[PDB]
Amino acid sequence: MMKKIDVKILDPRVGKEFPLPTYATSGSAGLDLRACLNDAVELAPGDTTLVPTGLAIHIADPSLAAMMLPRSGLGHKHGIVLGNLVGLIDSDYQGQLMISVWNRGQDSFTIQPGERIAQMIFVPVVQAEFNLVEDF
């Protein structure tokens, strides 16, 4: 229920110090993304930080998009979610996948190099052709 998606590695630690993203089970809908950091980053309550993944994708098919969402436990239990809430990746975006991380909780939290911090899903998207009407 695949679609081949081209991926390029931007940081030499990817696949060496921490693995490439993989589906945990065959019924899994998302892939976990990990923090490609040189040093751990401490987020006080309310802070946001942009975390690199060391990866770039090229979806290429305009009928597909990817969405980045918070990991469920981390968001619910530690208040570690995305600063833009939900990240949308277009079929033509070819830059590095960067994760906006926001501490919406009451406690400081430290992101460690290689920690899984977000999940990404691939969903079909439709481009609307607007038909202007004066009344429905």
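Counting begins at 1, following the sequence as shown.
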Which of 114 to 122 and 21 to 29 has higher mean CA B factor, as the PDB entry lists it: 21 to 29
Mean temperature factor over C-alpha atoms, higher-scoring stretch between 103 to 111 and 83 to 91: 103 to 111
Record-listed C-alpha B factor of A56: chain third: lowest
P62, C-alpha B-factor rank within chain (lowest, middle or highest third): highest
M68 CA temperature factor, ranked by third within the chain: lowest
Third of the chain's Cα B-factor distribution that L74 belongs to, per the entry: middle
Chain-relative CA temperature factor third for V41: middle
